[PDB]
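2 protein chains.
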Amino acid sequence: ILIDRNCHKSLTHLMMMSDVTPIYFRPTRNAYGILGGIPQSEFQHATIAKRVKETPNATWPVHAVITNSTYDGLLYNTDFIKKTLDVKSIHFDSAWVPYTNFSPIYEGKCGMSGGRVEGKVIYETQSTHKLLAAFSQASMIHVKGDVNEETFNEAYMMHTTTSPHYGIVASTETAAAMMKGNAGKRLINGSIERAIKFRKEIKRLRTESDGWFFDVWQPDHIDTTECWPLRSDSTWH
Amino acid sequence: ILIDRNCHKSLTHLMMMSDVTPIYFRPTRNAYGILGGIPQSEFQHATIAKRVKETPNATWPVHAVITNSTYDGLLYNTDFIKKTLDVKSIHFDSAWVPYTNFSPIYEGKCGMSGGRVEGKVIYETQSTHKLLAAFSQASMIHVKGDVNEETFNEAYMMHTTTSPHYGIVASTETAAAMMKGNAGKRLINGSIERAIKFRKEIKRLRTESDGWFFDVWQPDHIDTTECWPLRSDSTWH
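These protein sequences, in sequence, are chains P and S.
full-length UniProt numbering numbers the first residue of the first sequence as 238 and each following residue consecutively.
full-length UniProt numbering numbers the first residue of the second sequence as 238 and each following residue consecutively.
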């Protein structure tokens, strides 16, 4: 497998249950300690083949797991990933970004963004309770492609319980039901606009106050409702 | 004579016209360059007699000239001066404080404050055009005591012109006429209150702004309409 080093404890637990072998991706980071992302060089065939070559008992990876976004909300250019990562199944551990479909700001920024990619199956495992409105221990597995229906259904049956809490299930479905229509679009756009307005006054109060004040790790000029790209020609990140 | 070192060019010009001999008072000063005042030790008999003793061709002083206030508006405790300065005539060059009588804030802070002092004549030479409302080249000489009327009238006639500008004379009298009644008291109290309110916001804007701001050389807590005394237990001065 190609597992992100910026992973969860759950992926480590998975690797300890199953007889698999890793190549770890190498994310970047700043002096703050914010876990950034994997460079573009570590998704092409050359570096993956090299890291396969200097790993004992390792073959060509048959699966890839990527934390999209990171813990601090750094989305990837997932179209680049789904085009150039030459594995037969790419998994996006989108625990912190489950709200993706419900605003066109996040177009091209999840596993389910864009159409059905050819030759590989895209997994996305939105943690619905985290950022949407759902009871805890609620999650989803969205696939994109063709999978063996009975084998994958049996694998799903393998890890879940047999008598589930129907409150959690009803909350899991009602979370998506809160997002159909105009009310869900109004929710997502209101949340994003409120976040942007909070960001604008926290930078405003920084320049209004005396002495020190709280800074917020964001581009120096933000005034539009978009995912602000991290540019190499700036140094805020 | 006992002339303040914090003097005007006019007093130097006077000393060059007349065959007199000085003992110079020694005012204090801060690092800003603000001319402070003479300490209390240099108005008693011991230091004056000493400075007479180590000055050639010098006798006991028959006149004293004191700049009250200074250029930066530092009034003296003039009752101390009129009690302990043992000369027969004390002159206060009150060019910058002509408005003294018109608010009880300045009680005990001019030559004309208090009653007729015994044994000496107090002069005060308010420059009326400076802080009151009068045309330029206007001034007054207020005396307090008994003077030789014809000799002093002849000395006054000696330096003034013979055909004066009656606009300046009318403005000189109208400046005092602006201060009788309730209108003059309202003028002086309004000016002092406006000054105090300006001082309170300039210290307020200092703590409101970011980075540096203009400071104002005044006590850290001012909220009353009084001449704020310069205390040895504080360091703002």
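For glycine and all other residues, C-beta sits at the position ideal for the given N, C-alpha and C.
Applying a beta-carbon distance threshold of less than 9 Å, which residues of chain P neighbour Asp-330(S)?
In chain order: nothing, as chain P lies at least about 42 Å away.
For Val-324(S), which option in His-379(S), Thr-304(S), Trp-297(S) and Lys-346(S) has the closest C-alpha, if you only look at C-alpha atoms?
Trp-297(S)
Could you tell me which uninterrupted alpha helix (DSSP H) segments, each at least 4 residues in length, are contained entirely in the region 268-312 of chain S, listed from first to last along the chain?
282-290
Spell out the partners DSSP gives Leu-239(P) in its beta bridges.
Partner residues in the beta bridge of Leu-239(P), as assigned by DSSP, are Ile-260(P) and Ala-301(P).
So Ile-260(P) and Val-289(P) are supposed to be a Cβ contact under 8 Å. How far apart are they, rounded?
About 7 Å; that satisfies the 8 Å criterion.
Taking Cβ-Cβ distances shorter than 8 Å, what residues in chain P pair up with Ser-446(S)?
Below the 8 Å Cβ cutoff, chain P contributes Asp-447 as neighbours of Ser-446(S), in chain order.
Segment contact, 8 Å Cβ cut-off, at least three pairs: the region 329-343 of chain S with the region 274-288 of chain S
no
Nearest residue (CA-CA) to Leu-467(S), options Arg-263(S), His-245(S) and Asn-267(S)
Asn-267(S)
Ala-295(P) versus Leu-312(P), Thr-258(P) and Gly-270(P), residue with shortest Cα-Cα distance
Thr-258(P)
Could you check which residue in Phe-262(S), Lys-319(S) and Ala-370(S) has the C-alpha nearest to that of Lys-357(S)?
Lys-319(S)
Curious, which full-length beta strand (DSSP E) runs of at least 3 residues does the region 393-467 of chain P contain?
none
Boundaries of the alpha helix (DSSP H) in which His-366(S) is found, first to last residue:
365-368
Select from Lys-287(P), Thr-462(P), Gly-351(P) and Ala-332(P) the residue whose C-alpha is nearest the C-alpha of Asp-316(P).
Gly-351(P)
Buried or exposed for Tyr-308(S), please, with buried defined as at least 16 other CB atoms from any protein chain shown within 10 angstroms of its CB.
exposed
For the alpha helix (DSSP H) containing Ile-318(S), name the first residue and the last one.
Where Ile-318(S) is concerned, the enclosing alpha helix (DSSP H) stretches over 315-321.
Are the beta-carbon atoms of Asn-243(S) and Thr-321(S) separated by less than 7 Å?
no
Nearest neighbour of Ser-471(S), chosen from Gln-455(S), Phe-329(S) and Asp-460(S) [CA to CA]
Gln-455(S)
Identity of the residue in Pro-264(P), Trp-465(P) and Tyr-269(P) nearest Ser-278(P) by Cα:
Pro-264(P)
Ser-247(S): first and last residue of the uninterrupted alpha helix (DSSP H) it sits in
For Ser-247(S), the uninterrupted alpha helix (DSSP H) run begins and ends at 246-254, by DSSP.
Just checking my contact of residue 479(P) with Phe-450(P) at CB under 8 Å: how many whole Å lie between their CB atoms?
Because chain P in this structure spans residues 238 to 474, residue 479(P) falls outside the shown range and cannot be described.
Give the secondary structure of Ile-342(S) by DSSP, where H, G and I count as helix, E and B as strand, and everything else as coil.
helix
Please look up how many angstroms separate the CB atoms of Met-415(P) and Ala-370(P), rounded, as I've assumed it's under 8 Å.
6 Å between Cβ atoms; contact.
Do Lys-346(S) and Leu-312(S) have their C-beta atoms closer together than 7 Å?
yes
Between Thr-462(S) and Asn-426(S), what straight-line distance do the alpha-carbon atoms span, to the nearest angstrom?
9 Å
Give the straight-line distance between the Cα atoms of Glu-445(S) and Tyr-269(S), rounded to the nearest whole angstrom.
24 Å
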